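Read the single chain below, which is given as structure tokens and is the form deposited in one PDB entry.
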């Protein structure tokens, strides 16, 4: 029996584990160290959570190693590993309300959204990748023959081994699912580091793996400090692969030392300043709706949020007038209340950064059309914001806010290449989008944008089957789609002469 933090809310009784999950058991950190996790709706402490130490990281890795090398996970059929992942998906669905509620408490996710997306997308992700298990195939290859002898060459796809994955705070459960599911479907075992500010749905997910029958050690979770746990994973001889999503700083401060020692594969997702180019011949009202969703979705804590919007001169003023009208209707409130459209930011440090961000936008000469401030009310809410007359040299044309700030620049009519070049000046290349009814423009702009995802006449449309990952300083490597499996597999070539 597991210790919980029990809590009655949203007409449920939550049972929330708060310890490290190592080797199939919930256990305290070395010397029972803990830290507090904070509810962004009111500022209150939700509970105390184990704060993993170096020696705990060693234990998790050992447990993952033993589970990979000698445990059942490495001995069962691919089809059966698939069943167990599809069973974990079902357990997650049986608990969806509870997970969406913990996500609402821990991360400030509006509850109706957390059920459909934070939780809804996680379940699709395990189900999708469970179905890959017995469909991962190698090749037989028609090589030149060592006459008068014959040759056969075949490749076997095999698991890489123990993986260390670091999860960001913006969709704690969903981002955990994205990495973990492909990694696990490929046959690996894993040590997961949830972001310090958001451990709780991760720890509940751990308990759910016990309910699903996932062997002890295949999943291990270490809440605590990022630099401490990330660094030790990066340096560990037994960890073969590091999946990192996070900030550039931050970040490859303690994870530069990864390929740079005992060798390991690395995947990296590091940020974006995604452009969204809206042409005059788009469907204006739709562009306002998708345009807003591109920025405000999930309180802007959205790794692919449109970071700049370029809006063609002749529709600019009308576009802004409409966005303002729609912004006025958004309902800011507690993520549990069903009428809420816009929830609190994830934690206080990040709220403070957004307030600074907008002070700076104003200072450097952008027009603040609305918001820009903390909402007067308890917790960490921030007012949906709109800036116009943004120029390419401004800090806010380059820095990623990671919050609900719409940053709008004009471009002249008929000026495709010029706006592409401005749209491409960012050192990032995670996502991008274009709204236009015109086929020729849509396809040309999608070739020319230097980003890993291009949305056309839509935005935020991710899918568990569609690979997602950046170019340039956004990193490299894909989550989601068949393409994600390859980061978590190695190829063995076997060549016979006979």
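Numbering follows the first chain given and starts at 1. Think of the rigid core as the biggest set of C-alphas that the two forms share within 1.5 Å after superposition.
The same protein also has a form deposited in another entry, omitted here; what follows describes it.
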With the core superposed between this form and the one not shown, a CA shift of at least 2 Å among 249, 413, 158, 364 belongs only to 249
Assert for residue 450-residue 254 (C-alpha, 3 Å or more) in the other form vs reference form: pair closer
What changes in the other form is the Cα distance between residue 255 and residue 222, by 3 Å or more; the two atoms are farther
